[PDB]
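Just structure09.pdb here, PDB, C-alpha atoms and all ligand atoms:
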ATOM      1  CA  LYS W   1     -50.963 -71.475 161.720  1.00  0.00           C
ATOM      2  CA  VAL W   2     -51.935 -67.928 162.602  1.00  0.00           C
ATOM      3  CA  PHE W   3     -50.781 -65.718 159.758  1.00  0.00           C
ATOM      4  CA  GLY W   4     -49.590 -62.187 160.006  1.00  0.00           C
ATOM      5  CA  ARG W   5     -51.503 -59.711 157.864  1.00  0.00           C
ATOM      6  CA  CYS W   6     -48.744 -59.022 155.371  1.00  0.00           C
ATOM      7  CA  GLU W   7     -47.598 -62.635 155.381  1.00  0.00           C
ATOM      8  CA  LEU W   8     -51.068 -63.759 154.332  1.00  0.00           C
ATOM      9  CA  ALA W   9     -51.362 -60.985 151.758  1.00  0.00           C
ATOM     10  CA  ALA W  10     -48.190 -62.265 150.124  1.00  0.00           C
ATOM     11  CA  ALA W  11     -49.312 -65.907 150.131  1.00  0.00           C
ATOM     12  CA  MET W  12     -52.708 -65.031 148.653  1.00  0.00           C
ATOM     13  CA  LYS W  13     -51.052 -63.021 145.900  1.00  0.00           C
ATOM     14  CA  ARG W  14     -48.663 -65.842 145.006  1.00  0.00           C
ATOM     15  CA  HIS W  15     -51.674 -68.141 144.657  1.00  0.00           C
ATOM     16  CA  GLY W  16     -53.545 -65.916 142.204  1.00  0.00           C
ATOM     17  CA  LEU W  17     -56.177 -64.091 144.273  1.00  0.00           C
ATOM     18  CA  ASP W  18     -55.142 -60.492 143.565  1.00  0.00           C
ATOM     19  CA  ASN W  19     -57.930 -59.251 141.292  1.00  0.00           C
ATOM     20  CA  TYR W  20     -59.256 -62.757 140.833  1.00  0.00           C
ATOM     21  CA  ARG W  21     -62.748 -62.316 139.311  1.00  0.00           C
ATOM     22  CA  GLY W  22     -62.200 -58.581 139.873  1.00  0.00           C
ATOM     23  CA  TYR W  23     -61.605 -58.602 143.659  1.00  0.00           C
ATOM     24  CA  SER W  24     -58.438 -56.850 144.750  1.00  0.00           C
ATOM     25  CA  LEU W  25     -56.135 -58.415 147.323  1.00  0.00           C
ATOM     26  CA  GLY W  26     -57.409 -56.255 150.190  1.00  0.00           C
ATOM     27  CA  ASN W  27     -60.857 -57.829 149.843  1.00  0.00           C
ATOM     28  CA  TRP W  28     -59.471 -61.296 150.438  1.00  0.00           C
ATOM     29  CA  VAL W  29     -57.330 -60.248 153.416  1.00  0.00           C
ATOM     30  CA  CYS W  30     -60.265 -58.378 155.009  1.00  0.00           C
ATOM     31  CA  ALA W  31     -62.445 -61.457 154.464  1.00  0.00           C
ATOM     32  CA  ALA W  32     -59.892 -63.762 156.137  1.00  0.00           C
ATOM     33  CA  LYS W  33     -59.501 -61.386 159.089  1.00  0.00           C
ATOM     34  CA  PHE W  34     -63.190 -61.441 159.951  1.00  0.00           C
ATOM     35  CA  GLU W  35     -63.844 -65.079 158.990  1.00  0.00           C
ATOM     36  CA  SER W  36     -60.911 -66.618 160.849  1.00  0.00           C
ATOM     37  CA  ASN W  37     -58.644 -63.944 162.379  1.00  0.00           C
ATOM     38  CA  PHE W  38     -56.000 -65.312 159.969  1.00  0.00           C
ATOM     39  CA  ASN W  39     -56.015 -68.753 161.682  1.00  0.00           C
ATOM     40  CA  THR W  40     -55.817 -71.705 159.306  1.00  0.00           C
ATOM     41  CA  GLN W  41     -57.198 -73.985 162.034  1.00  0.00           C
ATOM     42  CA  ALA W  42     -60.471 -72.086 162.589  1.00  0.00           C
ATOM     43  CA  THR W  43     -63.661 -74.210 162.592  1.00  0.00           C
ATOM     44  CA  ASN W  44     -67.258 -73.108 163.223  1.00  0.00           C
ATOM     45  CA  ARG W  45     -70.375 -75.231 163.276  1.00  0.00           C
ATOM     46  CA  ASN W  46     -73.539 -74.055 161.531  1.00  0.00           C
ATOM     47  CA  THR W  47     -77.050 -74.562 162.835  1.00  0.00           C
ATOM     48  CA  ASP W  48     -77.908 -76.831 159.902  1.00  0.00           C
ATOM     49  CA  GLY W  49     -75.154 -79.292 160.910  1.00  0.00           C
ATOM     50  CA  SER W  50     -72.549 -78.214 158.384  1.00  0.00           C
ATOM     51  CA  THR W  51     -69.186 -76.776 159.457  1.00  0.00           C
ATOM     52  CA  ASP W  52     -66.997 -73.933 158.123  1.00  0.00           C
ATOM     53  CA  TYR W  53     -63.253 -74.688 157.823  1.00  0.00           C
ATOM     54  CA  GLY W  54     -60.067 -72.710 157.534  1.00  0.00           C
ATOM     55  CA  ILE W  55     -58.843 -69.221 156.886  1.00  0.00           C
ATOM     56  CA  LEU W  56     -61.852 -68.484 154.671  1.00  0.00           C
ATOM     57  CA  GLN W  57     -64.414 -70.565 156.549  1.00  0.00           C
ATOM     58  CA  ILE W  58     -65.429 -72.786 153.603  1.00  0.00           C
ATOM     59  CA  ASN W  59     -68.668 -74.708 154.285  1.00  0.00           C
ATOM     60  CA  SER W  60     -69.075 -78.493 154.139  1.00  0.00           C
ATOM     61  CA  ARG W  61     -72.683 -78.235 152.926  1.00  0.00           C
ATOM     62  CA  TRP W  62     -71.409 -77.583 149.443  1.00  0.00           C
ATOM     63  CA  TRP W  63     -67.689 -77.503 149.076  1.00  0.00           C
ATOM     64  CA  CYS W  64     -65.762 -80.167 151.041  1.00  0.00           C
ATOM     65  CA  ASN W  65     -66.322 -83.585 152.632  1.00  0.00           C
ATOM     66  CA  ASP W  66     -66.182 -83.948 156.438  1.00  0.00           C
ATOM     67  CA  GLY W  67     -68.189 -87.181 156.663  1.00  0.00           C
ATOM     68  CA  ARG W  68     -70.764 -85.645 158.982  1.00  0.00           C
ATOM     69  CA  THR W  69     -72.938 -83.367 156.780  1.00  0.00           C
ATOM     70  CA  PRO W  70     -75.843 -85.445 155.444  1.00  0.00           C
ATOM     71  CA  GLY W  71     -77.020 -84.564 151.961  1.00  0.00           C
ATOM     72  CA  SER W  72     -74.013 -82.372 151.239  1.00  0.00           C
ATOM     73  CA  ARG W  73     -71.848 -82.070 148.178  1.00  0.00           C
ATOM     74  CA  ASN W  74     -68.128 -81.850 147.822  1.00  0.00           C
ATOM     75  CA  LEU W  75     -67.699 -79.496 144.875  1.00  0.00           C
ATOM     76  CA  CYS W  76     -64.041 -78.740 145.594  1.00  0.00           C
ATOM     77  CA  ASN W  77     -63.407 -82.533 145.788  1.00  0.00           C
ATOM     78  CA  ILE W  78     -61.348 -82.345 149.005  1.00  0.00           C
ATOM     79  CA  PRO W  79     -61.607 -83.390 152.624  1.00  0.00           C
ATOM     80  CA  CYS W  80     -62.478 -80.440 154.828  1.00  0.00           C
ATOM     81  CA  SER W  81     -59.326 -81.150 156.873  1.00  0.00           C
ATOM     82  CA  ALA W  82     -57.225 -80.048 153.898  1.00  0.00           C
ATOM     83  CA  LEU W  83     -58.604 -76.550 154.512  1.00  0.00           C
ATOM     84  CA  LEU W  84     -56.934 -76.457 157.937  1.00  0.00           C
ATOM     85  CA  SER W  85     -53.330 -76.890 156.715  1.00  0.00           C
ATOM     86  CA  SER W  86     -50.624 -74.300 157.232  1.00  0.00           C
ATOM     87  CA  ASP W  87     -50.360 -74.388 153.424  1.00  0.00           C
ATOM     88  CA  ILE W  88     -53.278 -72.318 152.109  1.00  0.00           C
ATOM     89  CA  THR W  89     -53.305 -73.773 148.555  1.00  0.00           C
ATOM     90  CA  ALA W  90     -56.425 -75.910 149.063  1.00  0.00           C
ATOM     91  CA  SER W  91     -58.363 -73.048 150.673  1.00  0.00           C
ATOM     92  CA  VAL W  92     -57.392 -70.656 147.892  1.00  0.00           C
ATOM     93  CA  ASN W  93     -58.277 -73.057 145.106  1.00  0.00           C
ATOM     94  CA  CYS W  94     -61.651 -73.794 146.661  1.00  0.00           C
ATOM     95  CA  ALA W  95     -62.303 -70.084 147.270  1.00  0.00           C
ATOM     96  CA  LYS W  96     -61.750 -69.423 143.558  1.00  0.00           C
ATOM     97  CA  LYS W  97     -64.492 -71.917 142.709  1.00  0.00           C
ATOM     98  CA  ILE W  98     -66.859 -70.338 145.263  1.00  0.00           C
ATOM     99  CA  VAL W  99     -66.333 -66.765 144.068  1.00  0.00           C
ATOM    100  CA  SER W 100     -66.965 -67.880 140.453  1.00  0.00           C
ATOM    101  CA  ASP W 101     -70.364 -69.380 141.306  1.00  0.00           C
ATOM    102  CA  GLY W 102     -72.446 -66.229 140.554  1.00  0.00           C
ATOM    103  CA  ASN W 103     -72.658 -64.245 143.781  1.00  0.00           C
ATOM    104  CA  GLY W 104     -69.016 -63.188 143.905  1.00  0.00           C
ATOM    105  CA  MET W 105     -67.678 -62.499 147.386  1.00  0.00           C
ATOM    106  CA  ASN W 106     -71.201 -62.195 148.752  1.00  0.00           C
ATOM    107  CA  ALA W 107     -70.789 -65.946 149.381  1.00  0.00           C
ATOM    108  CA  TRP W 108     -68.916 -64.848 152.532  1.00  0.00           C
ATOM    109  CA  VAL W 109     -71.332 -63.213 154.938  1.00  0.00           C
ATOM    110  CA  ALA W 110     -68.503 -61.494 156.802  1.00  0.00           C
ATOM    111  CA  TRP W 111     -67.212 -59.926 153.572  1.00  0.00           C
ATOM    112  CA  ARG W 112     -70.650 -58.568 152.743  1.00  0.00           C
ATOM    113  CA  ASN W 113     -71.207 -57.171 156.238  1.00  0.00           C
ATOM    114  CA  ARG W 114     -67.735 -56.024 157.269  1.00  0.00           C
ATOM    115  CA  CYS W 115     -65.644 -55.480 154.101  1.00  0.00           C
ATOM    116  CA  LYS W 116     -67.899 -54.613 151.162  1.00  0.00           C
ATOM    117  CA  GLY W 117     -67.875 -50.885 150.580  1.00  0.00           C
ATOM    118  CA  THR W 118     -65.030 -50.129 152.994  1.00  0.00           C
ATOM    119  CA  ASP W 119     -61.459 -49.106 152.339  1.00  0.00           C
ATOM    120  CA  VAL W 120     -60.181 -52.642 151.983  1.00  0.00           C
ATOM    121  CA  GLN W 121     -56.831 -51.493 150.551  1.00  0.00           C
ATOM    122  CA  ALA W 122     -55.957 -50.563 154.124  1.00  0.00           C
ATOM    123  CA  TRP W 123     -55.586 -54.277 154.828  1.00  0.00           C
ATOM    124  CA  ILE W 124     -52.584 -54.444 152.543  1.00  0.00           C
ATOM    125  CA  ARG W 125     -51.132 -51.008 153.260  1.00  0.00           C
ATOM    126  CA  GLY W 126     -47.511 -51.159 154.386  1.00  0.00           C
ATOM    127  CA  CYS W 127     -46.917 -54.677 153.025  1.00  0.00           C
ATOM    128  CA  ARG W 128     -43.842 -55.614 150.902  1.00  0.00           C
TER     129      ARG W 128
HETATM  130 CL    CL L 201     -68.619 -60.243 141.242  1.00  0.00          CL
END
Give the structure from the file, written as C-alpha cells.
Amino acid sequence: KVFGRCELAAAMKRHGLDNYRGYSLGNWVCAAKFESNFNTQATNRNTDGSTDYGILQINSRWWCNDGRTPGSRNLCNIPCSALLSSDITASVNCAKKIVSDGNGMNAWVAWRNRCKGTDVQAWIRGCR
C-alpha cells in the first residue's frame, strides 16, 4: 500500500507515535517519506547483506528475521515480511523499540540528513 501523507499521519497517530520519546508526528511522516515514499512494500538491500523493510525501512541486521542475514538478531521478534503489510502496526511497534535504543531518530539516516532541523510540521499541515 502506498499511503497518502495525511492518511499515514492519522495512522501513525492512532498507533502512538505523536511525541513518542519526544518526536512530534511530523518527524515520523518526514522519515517515512524519504525512507519509503510512503510505500509499505519498499525493500532495499544493504551492502553488508542485510535488507531494510517497509514504510520505515527497518533493518534485518538487528530488528527482524528474513532468514538470509547471517549473524543477525531479531530484536522485534517478527519476520521482516510483517513490515510490508498494509497494516502498519508491526512497523510502528518495531520503530518504537528502535527509537528507544539510545540514538533516538538518528537510527534513520534519512531522518538525520533530510528531516532533522527542518520544519517537519509542514508534513502534517492541512491534515484532519
Ligand atoms: Cl532523543
Within 12 Å of ligand CL 201 (chain L), which residues show up when you count all atoms listed in the file? List them as an mmCIF file with C-alpha atoms, in the coordinates of the input, please.
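Below you can see result-v2.cif, which holds the result:
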data_model
loop_
_atom_site.group_PDB
_atom_site.id
_atom_site.type_symbol
_atom_site.label_atom_id
_atom_site.label_comp_id
_atom_site.auth_asym_id
_atom_site.auth_seq_id
_atom_site.Cartn_x
_atom_site.Cartn_y
_atom_site.Cartn_z
ATOM 1 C CA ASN W 19 -57.930 -59.251 141.292
ATOM 2 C CA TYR W 20 -59.256 -62.757 140.833
ATOM 3 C CA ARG W 21 -62.748 -62.316 139.311
ATOM 4 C CA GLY W 22 -62.200 -58.581 139.873
ATOM 5 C CA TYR W 23 -61.605 -58.602 143.659
ATOM 6 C CA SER W 24 -58.438 -56.850 144.750
ATOM 7 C CA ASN W 27 -60.857 -57.829 149.843
ATOM 8 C CA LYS W 96 -61.750 -69.423 143.558
ATOM 9 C CA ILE W 98 -66.859 -70.338 145.263
ATOM 10 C CA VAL W 99 -66.333 -66.765 144.068
ATOM 11 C CA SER W 100 -66.965 -67.880 140.453
ATOM 12 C CA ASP W 101 -70.364 -69.380 141.306
ATOM 13 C CA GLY W 102 -72.446 -66.229 140.554
ATOM 14 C CA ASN W 103 -72.658 -64.245 143.781
ATOM 15 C CA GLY W 104 -69.016 -63.188 143.905
ATOM 16 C CA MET W 105 -67.678 -62.499 147.386
ATOM 17 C CA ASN W 106 -71.201 -62.195 148.752
ATOM 18 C CA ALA W 107 -70.789 -65.946 149.381
ATOM 19 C CA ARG W 112 -70.650 -58.568 152.743
ATOM 20 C CA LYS W 116 -67.899 -54.613 151.162
#
A straight line from atom CA of residue 56 of chain W to atom CA of residue 108 of chain W spans 8.2 Å
Could you write out as a list in words the residues that the PyMOL selection byres (((chain W and resi 68-74) around 12) and not hetatm) matches in the shown file?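 With the PyMOL selection byres (((chain W and resi 68-74) around 12) and not hetatm) on this model, the match is residues 45, 46, 47, 48, 49, 50, 51, 52, 58, 59, 60, 61, 62, 63, 64, 65, 66, 67, 75, 76, 77, 78, 79, 80, 94, 97 and 98 of chain W.
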Using the selection just defined, write its residues with C-alpha atoms as a PDB file, keeping the file's coordinate frame.
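result-v8.pdb, written as the output of this step:
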ATOM      1  CA  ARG W  45     -70.375 -75.231 163.276  1.00  0.00           C
ATOM      2  CA  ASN W  46     -73.539 -74.055 161.531  1.00  0.00           C
ATOM      3  CA  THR W  47     -77.050 -74.562 162.835  1.00  0.00           C
ATOM      4  CA  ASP W  48     -77.908 -76.831 159.902  1.00  0.00           C
ATOM      5  CA  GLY W  49     -75.154 -79.292 160.910  1.00  0.00           C
ATOM      6  CA  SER W  50     -72.549 -78.214 158.384  1.00  0.00           C
ATOM      7  CA  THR W  51     -69.186 -76.776 159.457  1.00  0.00           C
ATOM      8  CA  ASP W  52     -66.997 -73.933 158.123  1.00  0.00           C
ATOM      9  CA  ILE W  58     -65.429 -72.786 153.603  1.00  0.00           C
ATOM     10  CA  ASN W  59     -68.668 -74.708 154.285  1.00  0.00           C
ATOM     11  CA  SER W  60     -69.075 -78.493 154.139  1.00  0.00           C
ATOM     12  CA  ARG W  61     -72.683 -78.235 152.926  1.00  0.00           C
ATOM     13  CA  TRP W  62     -71.409 -77.583 149.443  1.00  0.00           C
ATOM     14  CA  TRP W  63     -67.689 -77.503 149.076  1.00  0.00           C
ATOM     15  CA  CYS W  64     -65.762 -80.167 151.041  1.00  0.00           C
ATOM     16  CA  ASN W  65     -66.322 -83.585 152.632  1.00  0.00           C
ATOM     17  CA  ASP W  66     -66.182 -83.948 156.438  1.00  0.00           C
ATOM     18  CA  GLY W  67     -68.189 -87.181 156.663  1.00  0.00           C
ATOM     19  CA  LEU W  75     -67.699 -79.496 144.875  1.00  0.00           C
ATOM     20  CA  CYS W  76     -64.041 -78.740 145.594  1.00  0.00           C
ATOM     21  CA  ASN W  77     -63.407 -82.533 145.788  1.00  0.00           C
ATOM     22  CA  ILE W  78     -61.348 -82.345 149.005  1.00  0.00           C
ATOM     23  CA  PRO W  79     -61.607 -83.390 152.624  1.00  0.00           C
ATOM     24  CA  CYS W  80     -62.478 -80.440 154.828  1.00  0.00           C
ATOM     25  CA  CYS W  94     -61.651 -73.794 146.661  1.00  0.00           C
ATOM     26  CA  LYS W  97     -64.492 -71.917 142.709  1.00  0.00           C
ATOM     27  CA  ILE W  98     -66.859 -70.338 145.263  1.00  0.00           C
TER      28      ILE W  98
END
Find the residue from W:25, W:110, W:12, W:31 that sits nearest to residue 90 of chain W; use all atoms listed in the file when measuring.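 Ranked by minimum distance to residue 90 of chain W, first place goes to W:12.
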Rounded to one decimal in Å, what is the spacing between atom CA of residue 88 of chain W and atom CA of residue 43 of chain W?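 That distance, rounded to one decimal, is 14.9 Å.
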Find the residue from W:122, W:6, W:84, W:92 that sits nearest to residue 53 of chain W; use all atoms listed in the file when measuring. W:84
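Here the PyMOL selection byres (((chain W and resi 35) around 8) and not hetatm) captures the residues residues 31, 32, 33, 34, 36, 37, 38, 55, 56, 57 and 110 of chain W.
Taking atom CA of residue 39 of chain W and atom CA of residue 5 of chain W as endpoints, the distance between them is 10.8 Å.
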Using only C-alpha atoms, pick whichever of W:42, W:29, W:95, W:10 has the shortest atom-to-atom distance to residue 128 of chain W. W:10
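Residue nearest residue 9 of chain W, chosen from W:30, W:91, W:118, W:85 and counting all atoms listed in the file: W:30.
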First collect every listed atom of segment 84-103 of chain W; then fit an axis-aligned box around them, widen it by 3 Å on each side, and give centre and edge lengths in Å to one decimal, as AutoDock Vina command-line options.
--center_x -61.5 --center_y -70.6 --center_z 149.2 --size_x 28.3 --size_y 18.6 --size_z 23.5
What lies within 9 Å of residue 86 of chain W using all atoms listed in the file, ignoring chain neighbours under 3 positions off, as JSON, numbers by chain? {"W": [1, 2, 3, 39, 40, 41, 83]}
May I have the residues from that selection written out with C-alpha atoms, as a CSV table (one decimal), in the coordinates of the input?
chain,number,residue,atom,x,y,z
W,1,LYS,CA,-51.0,-71.5,161.7
W,2,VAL,CA,-51.9,-67.9,162.6
W,3,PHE,CA,-50.8,-65.7,159.8
W,39,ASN,CA,-56.0,-68.8,161.7
W,40,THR,CA,-55.8,-71.7,159.3
W,41,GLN,CA,-57.2,-74.0,162.0
W,83,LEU,CA,-58.6,-76.6,154.5
For residue 123 of chain W, which residue among W:111, W:82, W:93, W:28 is the nearest when counting all atoms listed in the file? W:28
Dump of segment 73-92 of chain W from preceding block, N, CA, C and O atoms, as a CSV table (one decimal), in the first residue's frame:
chain,number,residue,atom,x,y,z
W,73,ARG,N,20.3,-10.4,14.5
W,73,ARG,CA,19.4,-10.6,15.6
W,73,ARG,C,18.0,-10.2,15.1
W,73,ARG,O,17.8,-9.8,13.9
W,74,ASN,N,17.0,-10.5,15.9
W,74,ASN,CA,15.7,-10.3,15.6
W,74,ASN,C,15.0,-9.7,16.9
W,74,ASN,O,14.1,-10.2,17.6
W,75,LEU,N,15.4,-8.4,17.2
W,75,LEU,CA,15.0,-7.8,18.5
W,75,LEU,C,13.6,-7.5,18.5
W,75,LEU,O,13.0,-7.4,19.6
W,76,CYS,N,12.9,-7.2,17.4
W,76,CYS,CA,11.5,-7.0,17.4
W,76,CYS,C,10.7,-8.3,17.4
W,76,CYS,O,9.5,-8.3,17.4
W,77,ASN,N,11.4,-9.4,17.3
W,77,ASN,CA,10.8,-10.8,17.3
W,77,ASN,C,9.6,-10.9,16.3
W,77,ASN,O,8.5,-11.3,16.6
W,78,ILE,N,10.0,-10.6,15.0
W,78,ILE,CA,9.0,-10.7,13.9
W,78,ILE,C,9.7,-11.1,12.6
W,78,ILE,O,10.9,-10.8,12.5
W,79,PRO,N,9.0,-11.7,11.7
W,79,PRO,CA,9.5,-11.8,10.4
W,79,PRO,C,9.5,-10.5,9.6
W,79,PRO,O,8.6,-9.7,9.8
W,80,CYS,N,10.6,-10.3,8.9
W,80,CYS,CA,10.7,-9.0,8.1
W,80,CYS,C,9.5,-8.8,7.2
W,80,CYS,O,9.0,-7.6,7.0
W,81,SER,N,8.8,-9.8,6.7
W,81,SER,CA,7.7,-9.7,5.9
W,81,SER,C,6.5,-9.0,6.5
W,81,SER,O,5.7,-8.4,5.9
W,82,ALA,N,6.4,-9.2,7.9
W,82,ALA,CA,5.4,-8.4,8.6
W,82,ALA,C,5.5,-6.9,8.5
W,82,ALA,O,4.5,-6.2,8.7
W,83,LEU,N,6.7,-6.4,8.2
W,83,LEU,CA,6.9,-5.0,8.0
W,83,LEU,C,6.4,-4.5,6.6
W,83,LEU,O,6.5,-3.3,6.4
W,84,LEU,N,5.9,-5.4,5.8
W,84,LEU,CA,5.5,-5.0,4.4
W,84,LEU,C,4.0,-4.9,4.3
W,84,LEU,O,3.5,-4.6,3.2
W,85,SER,N,3.3,-5.2,5.4
W,85,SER,CA,1.8,-5.3,5.4
W,85,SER,C,1.2,-3.9,5.1
W,85,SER,O,1.7,-2.9,5.5
W,86,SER,N,0.0,-3.9,4.6
W,86,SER,CA,-0.8,-2.7,4.5
W,86,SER,C,-1.2,-2.1,5.9
W,86,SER,O,-1.5,-0.9,6.0
W,87,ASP,N,-1.2,-3.0,6.9
W,87,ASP,CA,-1.4,-2.6,8.3
W,87,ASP,C,0.0,-2.3,8.9
W,87,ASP,O,0.9,-3.1,9.0
W,88,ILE,N,0.1,-1.0,9.4
W,88,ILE,CA,1.5,-0.6,9.8
W,88,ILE,C,1.8,-0.9,11.3
W,88,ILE,O,2.8,-0.4,11.8
W,89,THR,N,1.0,-1.6,12.0
W,89,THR,CA,1.2,-1.9,13.4
W,89,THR,C,2.5,-2.5,13.7
W,89,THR,O,3.2,-2.1,14.6
W,90,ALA,N,3.0,-3.5,12.9
W,90,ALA,CA,4.3,-4.1,13.2
W,90,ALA,C,5.4,-3.1,13.0
W,90,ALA,O,6.4,-3.1,13.8
W,91,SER,N,5.4,-2.4,11.9
W,91,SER,CA,6.4,-1.4,11.7
W,91,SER,C,6.4,-0.3,12.8
W,91,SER,O,7.5,0.1,13.2
W,92,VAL,N,5.3,0.1,13.3
W,92,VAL,CA,5.3,1.1,14.3
W,92,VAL,C,5.8,0.6,15.6
W,92,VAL,O,6.6,1.2,16.3
